[PDB]
Each structure stands twice: as structure tokens, then as C-alpha cells.
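For reference, the chain that follows is the form deposited without 1-phenylurea (PHU), supplied as C-alpha cells.
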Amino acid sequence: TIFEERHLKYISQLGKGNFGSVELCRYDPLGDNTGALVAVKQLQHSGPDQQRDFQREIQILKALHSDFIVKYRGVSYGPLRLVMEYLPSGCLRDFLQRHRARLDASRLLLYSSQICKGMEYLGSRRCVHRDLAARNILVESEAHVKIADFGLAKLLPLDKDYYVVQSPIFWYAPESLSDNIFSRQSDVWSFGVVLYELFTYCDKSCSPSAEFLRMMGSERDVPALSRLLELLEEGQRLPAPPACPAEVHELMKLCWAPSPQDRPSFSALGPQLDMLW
């Protein structure tokens, strides 16, 4: 739960993100390269707003205990970093592109169901993730995934079901694009895009970005966000991925209901994904 900084041996960057970075370190108290590998997060920017954002991420993660959520290990003490478990398989986005040929629909439905049970748990703790995407989901093993990257996560006050607040715009809900409103229902919208990513095996050529920019075309002077929003308000959606089982695509469309109230809950989605297998 307390890691001495002098015992955290740097290996490489996993990071690939703004404001903060995640490094692969070996917790090597014996100094012989035999200790367990850990994923260590730190904020590259200092100040009295980023440090508040960093303490909040620590507090949120420390209090989360689920098989489908990256495990908190502790914090570091030195002459402050967040210490979590390291998943050598890495993000689901890259895993799906490397192992495409052996991952069938039942396997993708198993990952979908696991992500869903993780989000149900997040909702129960009043946590809005705000950054649900395949790049933020980690592969624990062949048949097990976990939700990671809690850098944008916010706790919903007891008397509110939403929150009013830089990621690719193709994962946001219309209400987040228009009024910066975030809730468990906008995490459901994002989940719909995760199902799309999974059933495309995160192929870059039919990625939410490639497919939406292709559909948006090119507006005369209208900004791209406004364009995406006009496309979404019009009822236009990402097309069924190639060879996608029809029922999966119907589930995506429900996650993509225009109004937050009409979107299914994670609790409602779970049995539906389990039934499909």
C-alpha cells in the first residue's frame, strides 16, 4: 500500500495520454530485477487543480474493488505516484488487432458482458467514467478484461444523477457534445461505441473516427463537433460493423438512444449480453 520511490525501477512508458503518464516500473526492493512489475501513474503538470484531480483519481480507485476494474496497489513515498497492477497484454484495442483470427463473436460478447458488469459496479459507486473506449480497457487474460484510466472519473453527488464539466469526440453522447453534461447514461452511449470497436476488432479503417468523418463529409465553415452533432440529431449512427450479429447491432442502437432517459441501464444490458453468450 506504500511503495518507496527508490525501489521503483523505471523500465518504459505505457502513458500515451495528456496531463499524466503511466510508466512500467518494477517494484524491486531487493534491487536485483526480480520484483513484481507495476503500472505507476503521475501527473506531469503540477499546481492546485491538477493535484486535486490526481488525489480524486487515487481516492476513486482505492475504494473500487471489482474483478472488472484495474486493481489499486497503493501510492508512492519518495524524497507522490499512484501504484496499480500491470497487465502485460495491454489495451483491448491493440489486443483485438493482434489476435483478430482467434477471437470469435462469443469471445467478444464475453468481453462485452465483463465491461458491462464493471460499469454496473461503477454506477453503483456513483462514478461516471467519462472515458470508456477500447484503449482504456485492459486484457487480464484470454477470457478476462478490466476497465482502466480513471483520470476523468467523477463522483456523482447524492442528490444529482448528472455532472456538468479533450478525448476523440466520437465516443461522447449528444448531451456531452452540446452542453458538457456527463452521467451514467452518457457512459452507456460510450459503451455502445465500445461494442462497435469490439465488433470491428478496432480496425482503423472502419474505426468510429474514420467511419464518422467519412459520414460527416466536409462542412463549408461549420466546425466538426457541430457537424457530428447535426449528424447524430438527424438520427444517423455508425453502420453495423461487417459480419456483426444483428442483435449486437440492435443493442448498440439502444445505447445510442437520442435522449439519456431512453438508453438502457448497465443492469438491463448485462443479462441481454449474457443471453447472446
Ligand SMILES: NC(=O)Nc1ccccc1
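Don't overthink the numbering: it's just position in the shown sequence, from 1.
The next section is about a form of this same protein that is not shown, the form solved in complex with 1-phenylurea (PHU).
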Every residue of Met215, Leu228 and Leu238 near 1-phenylurea (PHU) in the deposited complex, heavy atom within 4.5 Å
yes
1-phenylurea (PHU) contact at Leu232 in the deposited complex, heavy atom, 4.5 Å
yes
According to a 4.5 angstroms non-hydrogen atom cut-off, is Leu108 in contact with 1-phenylurea (PHU) in the deposited complex?
no
Against 1-phenylurea (PHU) in the deposited complex, would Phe266 count as a contact residue? Criterion: heavy atoms within 4.5 Å.
no
Is there a non-hydrogen atom of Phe199 within 4.5 angstroms of a non-hydrogen atom of 1-phenylurea (PHU) in the deposited complex?
no
Only one of 100-108, 155-163, 186-194, 116-124 has residues with a heavy atom within 4.5 Å of 1-phenylurea (PHU) in the deposited complex, and that stretch is 186-194
Can you name the residues of 240-270 that have a heavy atom within 4.5 Å of 1-phenylurea (PHU) in the deposited complex?
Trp256
